[PDB]
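A.B. asks: Below is the structure I would like to discuss, written out as structure tokens.
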Amino acid sequence: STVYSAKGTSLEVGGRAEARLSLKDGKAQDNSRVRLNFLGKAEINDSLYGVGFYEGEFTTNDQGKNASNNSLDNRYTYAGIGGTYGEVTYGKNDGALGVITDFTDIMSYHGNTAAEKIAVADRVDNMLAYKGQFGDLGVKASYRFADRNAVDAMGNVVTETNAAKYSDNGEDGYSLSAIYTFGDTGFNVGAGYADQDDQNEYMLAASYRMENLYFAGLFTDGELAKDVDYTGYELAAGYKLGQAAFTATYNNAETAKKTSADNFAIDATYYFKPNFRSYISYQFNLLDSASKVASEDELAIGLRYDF
Amino acid sequence: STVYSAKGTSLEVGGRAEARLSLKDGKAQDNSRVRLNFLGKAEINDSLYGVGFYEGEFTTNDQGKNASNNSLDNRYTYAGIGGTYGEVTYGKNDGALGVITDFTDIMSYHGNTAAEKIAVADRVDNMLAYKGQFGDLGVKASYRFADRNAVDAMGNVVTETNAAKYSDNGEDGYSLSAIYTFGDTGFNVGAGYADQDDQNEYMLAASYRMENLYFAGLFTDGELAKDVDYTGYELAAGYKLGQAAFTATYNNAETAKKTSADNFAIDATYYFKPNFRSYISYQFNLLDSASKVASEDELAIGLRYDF
Amino acid sequence: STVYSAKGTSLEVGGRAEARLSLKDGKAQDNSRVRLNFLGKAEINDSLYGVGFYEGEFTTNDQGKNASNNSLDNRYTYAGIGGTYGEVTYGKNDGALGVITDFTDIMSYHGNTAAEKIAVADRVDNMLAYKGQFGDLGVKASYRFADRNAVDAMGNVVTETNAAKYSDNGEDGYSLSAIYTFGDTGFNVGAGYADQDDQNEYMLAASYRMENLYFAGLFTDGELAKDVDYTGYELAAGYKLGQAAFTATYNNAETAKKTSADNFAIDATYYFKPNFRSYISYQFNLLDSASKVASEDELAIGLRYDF
């Protein structure tokens with residue numbers, strides 16, 4: 001029953017099977033998903049290595065029939081090289097700000113509703129991505145090229161068979177972030193910045209962990225388009241008791257000077273094993289009459305198996 | 001060349017590569033397919049475990065060119081928990097009646113043409129599924145929630161950005177089945193029921209196995225819509241001689257009081273190994289002038305490798 | 001962390017993660033891709049075996065947003081049987097001429113621009129494929145059935161529910177090739193032929209390898225439609241120095257009596273390990289004013305991890 005890699009010294013296969021039931025106004029939606037991933041690494045010498053990575057996400061939307069479900073999202077497709085000076089990759093990979101949004105994104109299902117990341121800062125293709133650790137300072141960066149297109153003699157996009165010349169879409173950008181870990185103390189701070197076409201943002205964050213408790217704060221500010229502001233605040237707390245972890249978050253965002261998210265959420269997660277867990281979560285959506293839909297609370301129940 | 005699971009104690013990778021040539025009126029169609037699956041299990045204690053499962057189906061339809069083939073069907077996406085009282089899952093998984101249709105679904109390619117299962121009884125998402133064994137009695141059940149949707153102030157389906165309130169599609173339902181195995185004797189009986197919106201059905205079945213022979217009967221009856229009956233009958237026989245297994249079935253169904261299927265089929269399957277087999281099969285389609293297409297016989301030839 | 005095959009004695013998992021940056025007129029396109037493959041083999045006796053194979057290709061096209069990327073191509077889906085007299089498969093697999101085009105297709109990214117293969121000769125479904133080695137002679141062949149369709153009483157394609165009779169698309173064809181290896185000398189010659197509907201072609205090739213050097217020639221000639229000629233020429237050279245391999249090719253094709261490709265290209269590839277390599281490549285496109293687009297040079301940079 002023995003499984004081998006064709007060419008590598010080794011291959012790590014991972015991902016999840018994650019059953020998720022969402023209840024809003026007593027009505028049920030299946031938000032379940034599978035992820036499959038493949039990680040290969042080639043040691044070159046004891047200070048240099050090559051890496052390759054894929055991850056896909058697979059869902060269903062039957063709507064009451066045994067349908068054919070052709071739903072795939074290639075979340076990551078990259079190769080890279082790393083070693084003494086860090087790691088650099090090309091192809092769809094994470095920008096710089098995810099490690100900052102992680103300060104307050106601690107829940108099983110809810111949270112992360114007021115820390116919007118633009119593409120170059122989040123996860124996107126046609127991008128070089130860098131990371132490295134220098135003592136207690138963790139750094140990330142990315143640079144994204146604008147995407148080549150083909151245009152007619154008037155400059156409109158057409159098929160390469162019938163085009164006059166190449167142009168591009170102006171979607172270049174970059175991101176940067178740093179995190180300082182204060183020795184063994186449990187304290188971290190973080191910051192980052194990103195810029196792409198008419199969008200820019202910065203983030204600042206801090207956190208503390210001590211034994212069975214955790215808390216953290218996050219501030220996000222910038223512009224999602226020309227003269228369209230965005231500002232967001234999140235706070236987070238966590239408590240561990242045996243194999244159970246309980247979390248709460250408060251998230252608040254405004255967009256174009258109007259409240260766009262306002263949510264307090266709490267959950268309980270039970271770890272039967274490190275890779276098998278159940279959870280239940282409730283999000284109080286505190287926007288007023290926002291339409292009724294935009295304001296509905298959410299109950300979520302789940303079971304998560306990690307491969 | 002060594003392959004590891006990222007987080008699990010173990011991972012089982014399975015599926016098939018199955019070459020299938022279909023001939024009708026001397027004209028060939030490629031019905032070949034690949035299935036890939038991933039099964040993870042986490043032992044919690046010696047009476048409790050967690051489970052996660054994915055399976056996809058992958059085909060081609062070139063029609064004479066070297067085409068790009070984007071054909072995927074996520075057949076199963078689920079997690080569950082089981083142990084002393086049985087197993088329960090959420091996400092796309094089997095309803096109760098497949099283990100009943102299996103009494104007569106014994107051929108490599110043909111058969112199973114007069115035992116139609118509705119969605120909640122077959123395989124569908126937004127569904128809790130249960131199974132367990134109590135002595136010689138095997139039981140299954142499922143319950144399906146209706147699917148949440150979003151509607152305008154007049155109650156028509158629209159995008160959640162522009163909706164007034166949540167509603168649903170009324171596609172709730174349930175299924176149940178039981179199978180009794182009569183000790184070591186080779187005798188089994190089975191029954192089940194399913195109900196969803198305007199559809200309901202029941203099934204009754206029996207089978208006998210003794211050494212190199214097998215035979216079985218199946219009866220299906222109910223409604224596929226309001227005042228639209230469905231009744232189906234199947235009989236099956238099987239004979240094993242060395243590494244070859246030969247099967248024959250007769251299947252007959254009526255729908256809205258008219259004959260909709262009438263097929264006698266026979267095949268031979270040779271097991272070179274437990275996981276590599278060839279087959280040939282012929283289906284006599286006995287409907288009269290039904291159009292010519294609806295009445296054509298089918299010859300099928302195949303080769304099946306299981307991973 | 002242990003990974004097993006469900007039913008096989010063993011399973012080989014392979015493929016690649018391949019980062020590729022393409023630059024034309026200073027404008028960047030992400031041509032990166034992942035391939036995943038699964039190869040199973042069942043030994044029957046010491047002169048007979050069964051085989052099953054899948055391979056998929058997975059890409060992204062974000063165009064500056066963190067998009068959902070549903071891009072899959074099932075490149076191979078087949079099962080087969082082989083042993084003393086060779087191997088035969090059915091389902092999407094290679095026709096006969098790829099092993100001939102390989103004489104001059106030696107670069108990491110460029111080359112293979114003037115050796116066009118028709119479907120039955122390239123890779124296509126509804127096809128039997130054969131290969132075998134008889135002393136120093138390597139042979140391949142394939143035969144493709146025309147694809148069944150369903151037509152109305154006037155002979156137009158419609159759904160099988162509403163059709164009168166079955167017809168087909170006339171897309172039958174075959175291919176054949178042979179390669180003679182002259183003992184230990186480093187010399188090979190090759191030839192092949194293919195025919196499908198209104199297309200036919202032949203190929204002739206020769207190559208020499210000696211130590212750190214390689215060179216080769218390829219000639220292709222035939223018709224891509226009724227009274228639409230195609231002729232192509234390629235030359236190739238290769239030099240290895242430590243872990244670096246350098247290649248150059250010249251490719252020239254005419255179609256309907258006009259020059260359709262004219263490219264000289266050169267590259268360098270560094271093998272850090274057998275399964276991890278970087279490359280850089282430049283293609284001089286020598287067509288004149290062809291539109292500007294059709295004539296642009298290409299710089300390509302890459303990193304390739306093989307699983």
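Each chain in the structure tokens gets a letter, A, B, ..., in the order shown, and its residues are numbered from 1; ligands are numbered from 1 in order too.
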If DSSP is run on the backbone, what residues of region 148-289 of chain A are strand (DSSP E)? A reply as JSON, numbers by chain would be ideal.
C.D. replies: {"A": [148, 149, 150, 151, 165, 166, 167, 168, 173, 174, 175, 176, 177, 178, 179, 180, 181, 187, 188, 189, 190, 191, 192, 193, 194, 195, 196, 199, 200, 201, 202, 203, 204, 205, 206, 207, 208, 209, 210, 213, 214, 215, 216, 217, 218, 219, 220, 221, 222, 223, 224, 225, 228, 229, 230, 231, 232, 233, 234, 235, 236, 237, 238, 239, 240, 241, 244, 245, 246, 247, 248, 249, 250, 251, 252, 253, 254, 255, 258, 259, 260, 261, 262, 263, 264, 265, 266, 267, 268, 269, 270, 271, 272, 273, 276, 277, 278, 279, 280, 281, 282, 283, 284, 285]}
A.B. asks: Could you do a least-squares fit of chain A on chain B over every C-alpha atom, in sequence order, and give the output as a compact mmCIF listing (two decimals) with C-alpha atoms, in the first residue's frame?
C.D. replies:
```txt
# COMPACT_ATOMS: atom_id res chain seq x y z
CA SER A 1 10.70 8.95 -2.63
CA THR A 2 8.76 9.12 0.59
CA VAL A 3 5.18 10.68 0.83
CA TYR A 4 3.79 12.07 4.19
CA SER A 5 0.54 13.48 5.54
CA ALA A 6 0.99 17.05 6.90
CA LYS A 7 -1.07 16.64 10.09
CA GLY A 8 -2.82 13.19 10.17
CA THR A 9 -1.44 9.88 11.54
CA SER A 10 -2.33 8.52 8.05
CA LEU A 11 -3.97 9.28 4.74
CA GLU A 12 -5.46 6.74 2.28
CA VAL A 13 -5.37 7.70 -1.42
CA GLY A 14 -7.61 5.80 -3.77
CA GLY A 15 -9.87 6.02 -6.78
CA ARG A 16 -9.69 4.60 -10.35
CA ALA A 17 -8.55 4.95 -13.94
CA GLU A 18 -11.31 3.40 -16.07
CA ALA A 19 -11.17 3.15 -19.83
CA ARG A 20 -14.68 2.70 -21.32
CA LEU A 21 -15.65 2.32 -25.03
CA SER A 22 -19.40 2.52 -25.78
CA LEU A 23 -20.76 1.23 -29.14
CA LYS A 24 -24.34 2.03 -30.32
CA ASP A 25 -25.27 1.33 -34.03
CA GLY A 26 -21.59 0.86 -34.78
CA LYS A 27 -20.61 4.38 -33.49
CA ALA A 28 -18.08 4.90 -30.70
CA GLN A 29 -18.14 7.18 -27.62
CA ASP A 30 -15.36 7.52 -25.01
CA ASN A 31 -17.03 7.23 -21.56
CA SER A 32 -13.65 6.87 -19.74
CA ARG A 33 -13.08 8.49 -16.34
CA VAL A 34 -10.69 8.95 -13.46
CA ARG A 35 -11.69 9.20 -9.78
CA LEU A 36 -9.31 10.42 -7.03
CA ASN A 37 -10.13 10.19 -3.33
CA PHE A 38 -8.59 11.10 0.07
CA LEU A 39 -9.69 9.48 3.39
CA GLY A 40 -8.38 10.66 6.73
CA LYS A 41 -9.21 9.23 10.14
CA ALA A 42 -8.27 10.47 13.64
CA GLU A 43 -8.54 8.01 16.48
CA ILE A 44 -9.72 9.86 19.62
CA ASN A 45 -10.11 6.93 22.03
CA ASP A 46 -10.88 3.22 21.35
CA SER A 47 -14.65 4.06 21.09
CA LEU A 48 -14.53 7.46 19.22
CA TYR A 49 -12.94 8.70 15.95
CA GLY A 50 -13.09 11.68 13.53
CA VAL A 51 -13.16 11.29 9.69
CA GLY A 52 -12.69 13.48 6.58
CA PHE A 53 -13.32 12.51 2.90
CA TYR A 54 -13.04 13.95 -0.63
CA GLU A 55 -13.70 12.38 -4.06
CA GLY A 56 -13.53 13.99 -7.50
CA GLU A 57 -14.35 12.69 -11.01
CA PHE A 58 -12.33 13.85 -14.03
CA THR A 59 -13.26 13.28 -17.73
CA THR A 60 -12.45 14.37 -21.35
CA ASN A 61 -14.63 15.35 -24.35
CA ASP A 62 -12.14 16.26 -27.15
CA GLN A 63 -14.48 15.63 -30.12
CA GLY A 64 -11.43 15.14 -32.42
CA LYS A 65 -9.13 18.03 -31.28
CA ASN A 66 -6.46 18.15 -28.54
CA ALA A 67 -8.81 20.34 -26.42
CA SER A 68 -8.38 21.85 -22.91
CA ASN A 69 -10.69 19.64 -20.74
CA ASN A 70 -12.15 21.47 -17.70
CA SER A 71 -14.44 18.73 -16.45
CA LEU A 72 -14.65 18.10 -12.68
CA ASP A 73 -17.37 16.73 -10.39
CA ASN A 74 -16.81 16.92 -6.60
CA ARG A 75 -18.73 13.76 -5.77
CA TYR A 76 -18.18 13.80 -1.94
CA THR A 77 -17.13 16.60 0.50
CA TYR A 78 -17.69 15.72 4.18
CA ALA A 79 -16.46 15.43 7.72
CA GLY A 80 -18.01 13.32 10.49
CA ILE A 81 -17.67 11.70 13.87
CA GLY A 82 -18.44 8.15 14.85
CA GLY A 83 -17.83 5.38 17.40
CA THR A 84 -20.04 3.22 19.66
CA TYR A 85 -23.38 4.60 18.51
CA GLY A 86 -22.47 4.72 14.76
CA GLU A 87 -21.27 7.56 12.43
CA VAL A 88 -22.74 10.98 11.55
CA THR A 89 -21.53 13.33 8.83
CA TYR A 90 -22.42 16.67 7.28
CA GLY A 91 -21.58 17.83 3.67
CA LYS A 92 -22.24 15.93 0.34
CA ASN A 93 -22.56 12.21 1.27
CA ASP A 94 -24.88 9.21 0.51
CA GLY A 95 -28.51 9.07 1.65
CA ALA A 96 -30.15 5.76 2.80
CA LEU A 97 -31.27 3.89 -0.38
CA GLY A 98 -27.92 3.19 -2.21
CA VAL A 99 -27.30 0.12 0.02
CA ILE A 100 -30.77 -1.16 -1.10
CA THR A 101 -30.19 -0.46 -4.89
CA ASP A 102 -26.88 -2.37 -4.44
CA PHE A 103 -28.86 -5.73 -4.12
CA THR A 104 -29.35 -5.75 -7.91
CA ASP A 105 -26.59 -3.20 -9.09
CA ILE A 106 -23.96 -5.92 -9.54
CA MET A 107 -22.72 -5.47 -13.15
CA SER A 108 -19.50 -3.62 -14.34
CA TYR A 109 -21.38 -1.14 -16.57
CA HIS A 110 -25.04 -1.98 -17.23
CA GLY A 111 -27.92 -2.58 -14.70
CA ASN A 112 -29.42 -0.04 -12.21
CA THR A 113 -31.76 1.38 -14.89
CA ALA A 114 -35.10 0.84 -12.96
CA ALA A 115 -34.29 1.89 -9.37
CA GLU A 116 -34.34 5.66 -9.50
CA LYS A 117 -33.34 7.42 -6.26
CA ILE A 118 -34.43 10.92 -5.31
CA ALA A 119 -31.71 13.37 -4.13
CA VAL A 120 -32.04 12.98 -0.29
CA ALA A 121 -31.99 9.16 -0.80
CA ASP A 122 -29.06 9.23 -3.30
CA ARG A 123 -26.12 11.72 -2.66
CA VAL A 124 -26.68 15.46 -1.91
CA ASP A 125 -25.33 18.40 0.16
CA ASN A 126 -26.87 20.34 3.13
CA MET A 127 -27.58 16.89 4.69
CA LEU A 128 -26.87 15.00 7.91
CA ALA A 129 -26.18 11.33 7.26
CA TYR A 130 -26.24 8.46 9.76
CA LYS A 131 -25.20 4.84 9.69
CA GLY A 132 -24.81 2.04 12.27
CA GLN A 133 -24.79 -1.75 12.85
CA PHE A 134 -26.88 -3.35 15.67
CA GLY A 135 -26.21 -7.14 15.62
CA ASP A 136 -27.46 -8.45 12.27
CA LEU A 137 -29.42 -5.20 11.47
CA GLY A 138 -27.71 -2.47 9.36
CA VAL A 139 -29.42 0.95 9.48
CA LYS A 140 -29.01 4.22 7.60
CA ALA A 141 -30.76 7.56 7.68
CA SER A 142 -30.41 11.13 6.39
CA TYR A 143 -32.05 14.54 6.96
CA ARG A 144 -31.72 17.42 4.45
CA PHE A 145 -32.32 21.12 5.23
CA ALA A 146 -33.97 23.38 2.69
CA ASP A 147 -31.39 25.74 1.07
CA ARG A 148 -31.36 29.40 2.18
CA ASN A 149 -31.80 31.97 -0.57
CA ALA A 150 -32.12 35.80 -0.70
CA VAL A 151 -35.19 37.58 -2.13
CA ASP A 152 -36.40 41.11 -3.01
CA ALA A 153 -39.41 42.74 -1.32
CA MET A 154 -41.68 40.88 -3.76
CA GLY A 155 -40.05 37.50 -2.87
CA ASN A 156 -37.98 36.92 -6.11
CA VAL A 157 -34.42 35.47 -5.91
CA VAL A 158 -31.62 38.15 -6.26
CA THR A 159 -27.98 38.77 -5.11
CA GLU A 160 -27.49 39.19 -1.35
CA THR A 161 -26.23 42.80 -1.93
CA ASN A 162 -29.66 43.84 -3.27
CA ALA A 163 -32.04 41.53 -1.26
CA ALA A 164 -34.71 42.51 1.25
CA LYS A 165 -34.82 39.27 3.35
CA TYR A 166 -33.79 35.62 3.42
CA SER A 167 -36.17 32.84 2.25
CA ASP A 168 -35.50 29.16 1.13
CA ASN A 169 -36.24 26.73 -1.72
CA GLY A 170 -38.43 24.19 0.26
CA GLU A 171 -35.98 21.32 -0.55
CA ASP A 172 -35.98 19.61 2.87
CA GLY A 173 -36.37 15.83 3.10
CA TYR A 174 -35.23 12.56 4.82
CA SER A 175 -34.50 8.90 4.05
CA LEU A 176 -34.30 5.69 6.08
CA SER A 177 -33.30 2.05 5.34
CA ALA A 178 -32.61 -1.25 7.07
CA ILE A 179 -30.97 -4.49 6.03
CA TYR A 180 -31.18 -7.77 7.95
CA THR A 181 -28.42 -10.36 7.46
CA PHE A 182 -29.59 -13.84 8.47
CA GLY A 183 -26.50 -15.08 10.32
CA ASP A 184 -24.04 -17.13 8.16
CA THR A 185 -26.76 -18.38 5.85
CA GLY A 186 -26.15 -16.13 2.74
CA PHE A 187 -29.72 -14.55 2.99
CA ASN A 188 -30.37 -10.78 3.26
CA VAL A 189 -33.49 -8.63 3.13
CA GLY A 190 -33.84 -4.87 2.83
CA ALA A 191 -36.24 -1.95 2.81
CA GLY A 192 -36.22 1.81 2.82
CA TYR A 193 -38.24 5.05 2.32
CA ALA A 194 -37.49 8.63 1.25
CA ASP A 195 -39.50 11.83 0.97
CA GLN A 196 -38.58 15.30 -0.52
CA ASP A 197 -40.98 18.08 -1.59
CA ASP A 198 -43.39 16.45 -4.11
CA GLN A 199 -41.38 13.13 -4.35
CA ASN A 200 -41.51 9.99 -2.26
CA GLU A 201 -40.53 6.38 -2.76
CA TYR A 202 -40.16 3.00 -1.07
CA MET A 203 -37.95 -0.03 -1.83
CA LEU A 204 -38.00 -3.72 -0.88
CA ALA A 205 -35.24 -6.25 -1.70
CA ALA A 206 -33.89 -9.76 -1.00
CA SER A 207 -30.79 -11.67 -1.96
CA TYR A 208 -29.05 -15.01 -1.67
CA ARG A 209 -25.31 -15.94 -2.00
CA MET A 210 -23.79 -19.41 -1.86
CA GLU A 211 -20.25 -20.03 -2.94
CA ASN A 212 -19.97 -19.27 -6.67
CA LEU A 213 -23.64 -18.10 -7.26
CA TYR A 214 -25.74 -14.98 -6.36
CA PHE A 215 -29.28 -13.82 -7.07
CA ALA A 216 -31.46 -10.91 -6.01
CA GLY A 217 -34.70 -8.98 -6.53
CA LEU A 218 -35.68 -5.30 -6.09
CA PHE A 219 -38.97 -3.39 -6.13
CA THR A 220 -39.25 0.40 -6.19
CA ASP A 221 -42.50 2.44 -6.01
CA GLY A 222 -43.64 6.03 -5.48
CA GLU A 223 -44.02 9.48 -7.18
CA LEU A 224 -41.48 11.75 -8.97
CA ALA A 225 -43.92 14.67 -8.99
CA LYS A 226 -47.54 15.44 -8.10
CA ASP A 227 -49.68 12.77 -9.87
CA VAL A 228 -46.73 11.24 -11.75
CA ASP A 229 -46.18 7.62 -10.60
CA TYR A 230 -42.98 5.61 -10.84
CA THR A 231 -42.65 1.82 -10.40
CA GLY A 232 -39.58 -0.32 -11.11
CA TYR A 233 -38.54 -3.92 -10.97
CA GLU A 234 -35.07 -5.49 -11.26
CA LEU A 235 -33.78 -9.08 -11.06
CA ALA A 236 -30.10 -10.09 -10.90
CA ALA A 237 -27.86 -13.18 -11.10
CA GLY A 238 -24.18 -13.76 -10.73
CA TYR A 239 -21.79 -16.66 -11.27
CA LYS A 240 -18.03 -16.86 -10.43
CA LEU A 241 -15.61 -19.28 -12.15
CA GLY A 242 -11.95 -18.88 -11.27
CA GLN A 243 -11.05 -15.19 -11.85
CA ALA A 244 -14.08 -14.49 -14.09
CA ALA A 245 -17.46 -13.21 -12.85
CA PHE A 246 -20.54 -13.28 -15.17
CA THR A 247 -23.73 -11.32 -14.36
CA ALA A 248 -27.17 -10.82 -15.91
CA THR A 249 -29.95 -8.39 -15.03
CA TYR A 250 -33.47 -7.62 -16.14
CA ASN A 251 -34.75 -4.11 -15.38
CA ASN A 252 -38.24 -2.70 -16.05
CA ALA A 253 -39.58 0.77 -15.07
CA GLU A 254 -42.83 2.70 -15.77
CA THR A 255 -43.29 6.44 -15.37
CA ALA A 256 -46.64 8.31 -15.57
CA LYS A 257 -48.18 4.89 -16.44
CA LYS A 258 -45.90 4.28 -19.57
CA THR A 259 -42.93 1.88 -19.97
CA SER A 260 -39.74 4.08 -19.64
CA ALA A 261 -37.05 1.34 -19.40
CA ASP A 262 -36.99 -2.33 -20.51
CA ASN A 263 -33.50 -3.88 -20.67
CA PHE A 264 -31.96 -7.29 -20.37
CA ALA A 265 -28.15 -7.18 -20.06
CA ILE A 266 -25.26 -9.69 -19.62
CA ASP A 267 -21.54 -9.34 -19.04
CA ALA A 268 -18.24 -11.00 -18.32
CA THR A 269 -15.55 -9.49 -16.06
CA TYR A 270 -12.02 -10.93 -15.69
CA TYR A 271 -10.01 -10.06 -12.54
CA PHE A 272 -6.29 -10.26 -13.44
CA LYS A 273 -5.79 -8.93 -9.90
CA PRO A 274 -8.23 -7.65 -7.27
CA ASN A 275 -7.53 -4.13 -8.55
CA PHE A 276 -7.19 -4.75 -12.35
CA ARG A 277 -10.00 -6.08 -14.47
CA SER A 278 -11.33 -6.16 -18.06
CA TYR A 279 -14.98 -6.44 -19.08
CA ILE A 280 -17.43 -6.72 -21.97
CA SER A 281 -21.16 -6.07 -21.74
CA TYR A 282 -24.28 -6.11 -23.93
CA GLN A 283 -27.62 -4.41 -23.18
CA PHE A 284 -30.67 -5.49 -25.19
CA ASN A 285 -32.99 -2.51 -25.11
CA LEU A 286 -36.48 -3.99 -25.62
CA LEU A 287 -38.65 -0.83 -25.88
CA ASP A 288 -40.55 -0.84 -29.27
CA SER A 289 -41.57 1.98 -31.66
CA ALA A 290 -39.99 5.04 -28.15
CA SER A 291 -37.75 6.68 -30.76
CA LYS A 292 -34.93 4.80 -32.48
CA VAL A 293 -32.31 6.45 -30.15
CA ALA A 294 -34.28 5.56 -26.99
CA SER A 295 -34.40 1.87 -28.29
CA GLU A 296 -30.77 1.18 -29.41
CA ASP A 297 -28.80 -1.70 -27.93
CA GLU A 298 -25.37 -1.03 -26.37
CA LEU A 299 -22.05 -2.91 -26.45
CA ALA A 300 -19.50 -1.71 -23.80
CA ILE A 301 -15.84 -2.71 -23.38
CA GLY A 302 -13.64 -1.69 -20.49
CA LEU A 303 -10.47 -1.82 -18.48
CA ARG A 304 -10.43 -0.74 -14.82
CA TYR A 305 -7.35 0.03 -12.65
CA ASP A 306 -8.07 0.86 -8.97
CA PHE A 307 -5.51 2.96 -7.11
```
A.B. asks: Where in region 139-297 of chain A does DSSP assign helix (DSSP H, G or I), given as a PyMOL selection string?
C.D. replies: chain A and resi 160-162+292-295
A.B. asks: Save out the residues we just selected, N, CA, C and O atoms, as an mmCIF file, in the first residue's frame.
C.D. replies:
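The file below, selection.cif, is the result:
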```
data_model
loop_
_atom_site.group_PDB
_atom_site.id
_atom_site.type_symbol
_atom_site.label_atom_id
_atom_site.label_comp_id
_atom_site.auth_asym_id
_atom_site.auth_seq_id
_atom_site.Cartn_x
_atom_site.Cartn_y
_atom_site.Cartn_z
ATOM 1 N N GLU A 160 -5.017 38.105 -29.342
ATOM 2 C CA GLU A 160 -3.658 38.332 -29.862
ATOM 3 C C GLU A 160 -3.508 38.093 -31.393
ATOM 4 O O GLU A 160 -2.598 38.665 -32.028
ATOM 5 N N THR A 161 -4.382 37.261 -31.975
ATOM 6 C CA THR A 161 -4.417 37.054 -33.428
ATOM 7 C C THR A 161 -4.705 38.360 -34.146
ATOM 8 O O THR A 161 -4.030 38.679 -35.114
ATOM 9 N N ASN A 162 -5.674 39.129 -33.658
ATOM 10 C CA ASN A 162 -6.077 40.385 -34.333
ATOM 11 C C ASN A 162 -5.554 41.736 -33.732
ATOM 12 O O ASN A 162 -6.026 42.824 -34.118
ATOM 13 N N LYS A 292 -32.380 44.510 5.910
ATOM 14 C CA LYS A 292 -32.562 43.394 6.832
ATOM 15 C C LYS A 292 -31.479 42.322 6.642
ATOM 16 O O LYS A 292 -30.796 41.961 7.612
ATOM 17 N N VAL A 293 -31.291 41.883 5.394
ATOM 18 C CA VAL A 293 -30.179 40.956 4.988
ATOM 19 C C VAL A 293 -28.779 41.348 5.495
ATOM 20 O O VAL A 293 -28.085 40.551 6.144
ATOM 21 N N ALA A 294 -28.369 42.561 5.160
ATOM 22 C CA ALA A 294 -27.115 43.140 5.653
ATOM 23 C C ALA A 294 -26.959 43.136 7.201
ATOM 24 O O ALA A 294 -25.822 43.126 7.670
ATOM 25 N N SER A 295 -28.079 43.116 7.954
ATOM 26 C CA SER A 295 -28.130 43.142 9.436
ATOM 27 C C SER A 295 -28.358 41.811 10.176
ATOM 28 O O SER A 295 -28.332 41.824 11.400
#
```
